[PDB]
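Read on for two forms of one protein chain; each stands alone as structure tokens, with the labels structure 1 and structure 2.
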Structure 1
């Protein structure tokens, strides 16, 4: 009755709650708690790698007494490439105090030590009684800085709709409209109702009362109309209250889907007859004149609402930590981290409701009781919502731009040269003159680099994750370049080809013809071509666009390789994190031999267990013995040293770092899976991370790689055997067709 395949129901229930239950609602609740740590660990590992790449290697009172850790801290905090991170260590063009930087580094180290599994196992869930009083101030200062920013910035960028809403509602204070509308979009009070207001709006639109807004001229404003109807709806339920309560009971007591549709149609039609005039009044006030007039007077409302906001309210110690992680990430990574966490906490709250409704036990153990209860899980959700809804520009400062000029020219030529030659070329191209000024009328190279390289999101990704000294080798191999261009959709390629065409090639519609032409342009690019850009005539206009297209194509190719190789490494970090978590509960410790770790001990133990072999993934029955044999077959082809060496590569991300010594001998590519594994097998080759005495089969694996210049499929099935106890994960990480969920190829026939 609800027993899981991994055979860990009772252990998890007794670890979290305190006893065993005959129901299938608690274990699904526990898996979400298990899930959040995975993404948290992935991103912590990424941040640590970036910090170690950019910066080459009691309380604060003890720090000075050490005289050795103090010496390292004095220079590490003085190392002046900290400017690459926007607001982590520099605010208002001045360096933060040493204590705050020490606090951030120590907190990052503690979180990294917690996830990759000294600190207790309860650290993340009880921070109130474990955090020192000195570390409770650093988080407060950082959040006080942003709470003043959001207050002044929220009362703008939408000062068109909010004026009309207050005009519709006369008998309400200036506070009330702002409070309700802030509760509407900043933190979604619209989300936590069982109604479908968007569907209800469509059903009302089927009525002639408010479908008179379907004119073609209404296309000038669409988004600022759908939102307005929603807020009017959500306040209508708020004032009625009892009517909303009755509708909930009626919907919950529905028999079939036809009854639900009839009630929704009846509910929609009576709403139109209820406040149809109100709907008409708001929608008739929108036009070009009023929008421009209201935008002119954007300071007619003065509401502070400082008391409500979590900047002054006692924001939790857990949500402040997430904000600290946000300062060390970019726009794309923030969305992935926060959106996953919101989904996790939404589902946790719902499960507790089911347990309460059905009259079942829901209290946790005394250790988890403080954090995991119904009220706290609500509060921690809107705090995660308000963090995600912050506008970020991430401009490249004003002092950090001097360093960025040095690196920008290193990508485009003079890779691995002394800093003396870098400065001379900067002086030679764009001069300074007298009194440290800038020579007017003779400077167009700086504006080109500043507005197309320094202020680009692709460029920041490369500097953080890759070394600009050795980044040029990524575009020297035609096979790698050709594959990346094929991934770009067809619509972009046609645009790029026409602009970068030149005057020596004819127009051709063959996609393969265009790719080869673009490959030669990208291969040979130097900054010396960009020394004649029109300063401040259709010839000048065409030449400016042509130069812009080439540099964007240059960085796009490099940015995709780095991003996708990191993604593949992130998939294997999750796999190793689950092994340590699962081996602890089963009672199986991972031993050592010759200062190594046998990562294949768990799968050996589970191959000879009666319960797992009968009620688990690896099954031994007449008709269900396929994957029991294959894993047992593939176990006898594994090297202890090779598994240990692979674990170190995954943890430290050595594929991205040492990719310039092996990407010059690749044969032919078809997916990012092949490129990642070719590099991994290459390192094991020359570094001699194997042993043919204990397994004479690794010898033939390495011979196939060199004579074919492509990865060997059998060899990846050997060192991934520590994941053999979970069949779906073993298949996904060892067969290329099942790796990416965007490939419809079938599993190869054996």
Structure 2
């Protein structure tokens, strides 16, 4: 009854609750808790790799006494390429203190050690009683800065509906009206209620008096109209309170679905008849003239609203760690992490509510209850939501631009050359003149590079992840260029062919010719072409647009490859994290042989377990015997050395680093999966990380790889055998057709 295929229901329930339950809601909740750590580990590993790539290799009192770790710290912190991370270590164009940077690095190391599983297994869930006094101060200072910032930025953006909401409520404090509207959209008091007000207003919208807001001419404003009726309702219930409670009891005591609608039906018609006049009065204020006039005056409101804000309120310590992680990333990664966390915590809240509804045990163990309950989860969900809602410009400072210039010219030519030549070209290109000034009327290269490479997120991603010394080789191999261009859809390909046409090519609508010419023009690009940017005649505009397009395409091509390789490696990191996690639950320790780790022992152990054989993924029954036989056959073709090497490769993210030594000999590309596995197989073959004495079938795999210049499916099936205990995961991670969910190709016939 509700048992899982992995046969860890009892173990998981005992670990998290303490006893076994005969129902199917507890594990339903536990999977979200298990989901949080996966994404946290992925992003922490990415951050650690970034720190390693950009910077080539008791309390604070003990640090000075060591005299050796002190030397490591003094030089590691002073390295000037800390400027590549925006606010991690520099504040107001000034360096942060050594204690704060030490605190940030130590917290990152502790989080990495926690996720990749000395710190206890309960570290993240108990920060009040484990964190030292020094780190808490640094987190507090960071949150003080950001809370001053959010106080500033809030009042400026949404000061168009704020005026109307303050106006519609004469008998209310200026502070109070702002309080609830921050309680409304920045952090949702909308969501945390048993009504579906979105559906409710639709039922109100079914009432006659307010069809007068459904006119076609009102299409100019919808979002700034839909929300306004939304906020009034969540303010209408707050004042009445008892009526809100009355509707709670009536719905909870309602019988059937027909009873649900009728309760909604009569409630809505009372609502329109109650305060419909406010809806008409509010909805009559929106127009082009009023909106423009309201935007003109943006300092008529002066509200601090500091006290109950978590900036001054005792914000949780778990959210400050998330903000510290956020400091060291870009927009997409932050959005991914925050969205996943909000979804998971919302699901946890809903599930615990469901458990309480049926009068069932819902308290966790004493170790976990301090964090996992209704109130603390609600608070931490609100904190994560407010962390997500921060506007960032991330302009590349004003001092860091010099190293930016150096690396920016290093990518566009001048690969692996001494800095003296770089400085010489810097001086000869854009002169200074006398007194360290800038030659007016003769500086156009600085503007082009600064506004097209320096201030681009793609360049920051490449600098964080790719070495500027050896980045040019990613575009030298034609096949990779054609594959990446073919991945890009049709419309912007057509736009790029049009803009960067030239004068010696005839118009063609064929996409193959377009890809060919784009590959040809992107193969040979140098800094010397960019030496004639028009200073300050349609030819000048056309030339400027063509230069913008050609510099954009290059970085796009590099960035796509880097991102997709990181993404595949993160998918494999999830797999190893889950494997290490599941090894502890099942109690099967991983011993060492010849200074290695045998990652293939979990599947061997589960191959000979009666309970797993009878009620698990690997089944030995008449009619259900595919994967048992296939896994048993594939287990006999695994190299322990190769598996250990693969584990190290994915742990260190070596595919992104050493991609310049093996991307020059690939035959043909059809998916990023085969590129990734060709790179890893080439690295393993060149490093001689195999043993033919213990397994003589690796020689044929290497020979096939050499004679075909493409990855061998048998080898990827070989070094992924530790994933044998989950059949869907093995299928997804070893079969190309099932790795990507955007490919409708069926599974190949065997």
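Numbering follows the first chain given and starts at 1. Throughout, rigid core stands for the largest set of C-alpha atoms superposing within 1.5 Å between the two forms.
- Once both forms are fitted on their rigid core, the CA atom of residue 212 lies 2 Å or more apart between structures 1 and 2.
- Superposed on the core, the two forms barely differ at residue 358: its CA moves less than 2 Å between structures 1 and 2.
- C-alpha superpositions between structures 1 and 2 give a turn of 9 degrees for the smaller rigid part relative to the larger.
- Note on residue 640: its Cα is shifted 0.8 Å between structures 1 and 2, core used for superposition.
- After superposition on the rigid core, the Cα atom of residue 291 is displaced by 2.0 Å between structures 1 and 2.
- For residue 265, the CA shift between structures 1 and 2 after superposing the rigid core equals 5.9 Å.
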